[PDB]
Ligand SMILES: C=CCNC(=O)[C@@H](NC(=O)[C@@](O)(CCCN(Cc1ccc(-c2cccs2)cc1)NC(=O)[C@@H](NC(=O)OC)C(C)(C)C)Cc1ccc(CC=C)cc1)C(C)C
Ligand SMILES: [Cl-]
Ligand SMILES: [Cl-]
Ligand SMILES: [Cl-]
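Chains as they are written, first to last, in this note's numbering: chain A, 1 to 99; chain B, 1 to 99.
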């Protein structure tokens, strides 16, 4: 698709068999989702946003569908204001910025 | 141009007579720049993201040039850890996400 930016670029994702809404965020290196359950072991990560730093749980090699496009990669879980899909997965689904 | 998301999408902007580097950020409602002087009226604003909120000064009707594209809009100035171009100016230069 081509998505304009007059509104927030919110899309539906699917992860662990469940649908969620998430923001396509080119300003984020990483993908971070609100508290949820994921399989396997996690590692610690600190990520920085406009307000400072938070600790999140890093899960690797997680299948996730984004607007129907299949990806498998690293998903961080922690206290984010919204689910955000960052460049690590935007690249997997072939996303570019164009003007 | 077409901009890849393998790396952070950084561009040069011209604003208030100054050249600055900024991040094209589809996850940001607003454009936020590190401390700088701008002309005209302003009002205080709190903006939030991962890590919490910071206080900024809101200036309206500010001319900016982004990759040779001229636009005008609201610019927030404060203690942001990085300069971000938000949707309010991305729209004006006809920036879209594509995949
Ligand atoms: C005010 C109205 C609503 N709010 C916003 O629109 C705000 N947007 C936003 O905060 C976002 O667009 C994020 C902006 C991009 N941000 C910039 C950034 C980059 C590096 C640093 C650091 C460098 C060195 C030390 S720190 C700090 C900040 N990057 C990140 O945060 C990513 N960090 C990262 O990549 O590591 C380098 C992260 C996501 C943590 C992985 C997302 C968003 C969050 C919350 C809501 C609430 C919506 C209901 C919407 C969208 C602001 C900006 C208008
Ligand atoms: Cl990844
Ligand atoms: Cl504006
Ligand atoms: Cl348009």
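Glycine included, each C-beta is placed from N, C-alpha and C at the ideal position.
Straight-line gap, residue i to residue j (C-alpha atoms, nearest Å)
i, j, result
"residue 153 of chain B", "residue 30 of chain B", "With chain B covering only 1 through 99, there is no way to say anything about residue 153 of chain B."
"residue 85 of chain B", "residue 35 of chain A", "28 angstroms"
"residue 79 of chain A", "residue 22 of chain A", "14 angstroms"
"residue 115 of chain A", "residue 88 of chain A", "Here chain A has residues from 1 to 99 only, and residue 115 of chain A is not among them."
"residue 32 of chain A", "residue 11 of chain A", "14 angstroms"
"residue 70 of chain A", "residue 82 of chain B", "31 angstroms"
"residue 95 of chain A", "residue 9 of chain A", "13 angstroms"
"residue 15 of chain B", "residue 40 of chain B", "14 angstroms"
"residue 6 of chain B", "residue 61 of chain B", "33 angstroms"
"residue 97 of chain A", "residue 4 of chain B", "7 angstroms"
"residue 38 of chain B", "residue 47 of chain B", "19 angstroms"
"residue 44 of chain A", "residue 68 of chain A", "29 angstroms"
Interface residues of chain B facing residue i [CB-CB closer than 9 angstroms]
i, result
"residue 30 of chain A", "Chain B residues near residue 30 of chain A: none, gap ~10 angstroms exceeds 9 angstroms."
Interface residues of chain A facing residue i [CB-CB closer than 8 angstroms]
i, result
"residue 2 of chain B", "96, 97 and 98"
(request) For ligand 3, enumerate in chain order all residues having a CB closer than 5 angstroms to any of its heavy atoms. (result) Chain order is used for the residues whose beta-carbon lies nearer than 5 angstroms to a heavy atom of ligand 3, namely B:73, B:74 and B:88.
(request) Any chance you could list the residues with Cβ under 6 angstroms from a heavy atom of ligand 1, keeping chain order? (result) Near ligand 1, meaning a beta-carbon closer than 6 angstroms to one of its heavy atoms, we find A:23, A:25, A:27, A:28, A:29, A:30, A:32, A:47, A:48, A:49, A:50, A:81, A:82, A:84, A:86, B:25, B:27, B:28, B:29, B:30, B:32, B:47, B:48, B:49, B:50, B:81, B:82, B:84 and B:86.
(message) Beta carbons nearer than 7 angstroms to chain B: which residues of the region 33-56 of chain A have them?
(response) Near chain B, meaning a CB-to-CB distance below 7 angstroms, the residues of the region 33-56 of chain A are 47, 48, 49, 50, 51, 52, 53 and 54.
(request) Identify each residue in the region 57-84 of chain B for which the Cβ-Cβ distance to at least one residue of chain A is less than 8 angstroms, and report them in chain order. (result) Cβ contacts with chain A come from 67, 69, 80, 81 and 84.
(message) If we require 3 or more residues per run, which beta strand (DSSP E) segments fall completely within the region 32-91 of chain A?
(response) Whole beta strand (DSSP E) segments, 3+ residues: 43-49, 52-66 and 69-77.
(request) Taking only beta carbons into account, state which residues of the region 7-26 of chain A come closer than 7 angstroms to chain B, listed in chain order. (result) For the region 7-26 of chain A, which is checked against every Cβ of chain B, the residues closer than 7 angstroms are 9, 23, 24, 25 and 26.
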